[PDB]
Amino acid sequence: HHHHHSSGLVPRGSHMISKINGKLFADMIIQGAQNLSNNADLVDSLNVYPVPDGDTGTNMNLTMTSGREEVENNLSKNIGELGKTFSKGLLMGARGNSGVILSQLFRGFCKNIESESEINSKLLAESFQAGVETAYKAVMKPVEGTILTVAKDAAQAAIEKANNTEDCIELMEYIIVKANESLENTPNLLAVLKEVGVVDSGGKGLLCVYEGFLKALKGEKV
């Protein structure tokens, strides 16, 4: 096969994340929230399904902001506890189809890690997948080409990649690539999107959250 490795040296470098504690998850929430808020007017204008009522971005932003506010007032090193705080804030602030779905995605994500103090890349992936399950079960009649589709494709990318990727930065980068591909495909699933010439507004809002998650993993601010 290969050279048998036996070196006592430990690999170098700083730009990698092995474990996510409660303050890194808080930073992901905060930066995700801020990135969404900065894009809310755009996400509103994209809204066409089920009605073109100009509100997806507002709805998602208000929902996410409720979660963020609870987090910022109640930080913890324990990721499971921080997730309970985030979940509660989303669920007591969910607005619209998109904000309800967002709160259910993150309810299932957070429930999956409730007893953890920190998570690794595999459990980050598993938590995205748990959130997709929760959200699909919450919606009586799921429709494809939507925030659900983008979340599901993102979580299956996460599962696959995490199996051989310990770095949560590299994992989240891949999740975003694959979530973007799914978002760009939404008009091929939901007719009104292709007729109007837009991607799904809920899916776009979710991408905005994920992009902020990556900024936080890199130790950066939106």
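Each residue number is its position in the shown sequence, starting from 1.
*Asks:* So, looking at the entry's B-factor column for Cα atoms, which has the higher mean, 175 to 183 or 161 to 169?
*Replies:* Per the PDB entry, the higher value belongs to 161 to 169.
*Asks:* Averaging CA B factors per stretch from the PDB record, which one is higher: 184 to 192 or 51 to 59?
*Replies:* In the deposited entry, the stretch with the higher C-alpha B-factor mean is 51 to 59.
*Asks:* Would you mind finding, among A33, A26, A40, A154, the residue with the largest C-alpha temperature factor in the entry?
*Replies:* Max CA B-factor in the entry, restricted to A33, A26, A40, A154: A40.
*Asks:* Please pick out which of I17, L214, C208, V199 has the largest Cα B-factor as recorded in the entry.
*Replies:* Largest recorded C-alpha B-factor: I17.
*Asks:* Ranking the modelled residues of this chain by C-alpha B-factor as given in the entry, is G89 in the lowest, middle or highest third?
*Replies:* Ranked within chain, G89 CA B lands in the middle tercile.
*Asks:* If you rank the chain by CA B-factor, which third does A135 end up in: lowest, middle or highest?
*Replies:* Bottom third by C-alpha B-factor.
*Asks:* Sorting the chain's CA B-factors, does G96 end up in the lowest, middle or highest third?
*Replies:* CA B-factor rank for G96: highest third.
*Asks:* In terms of the CA temperature factor given in the entry, to which third of its chain does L124 belong: lowest, middle or highest?
*Replies:* Tercile = middle for this residue's CA B-factor.
*Asks:* Which third, lowest, middle or highest, does the C-alpha temperature factor of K77 belong to within its own chain?
*Replies:* It falls in the middle third of the chain.
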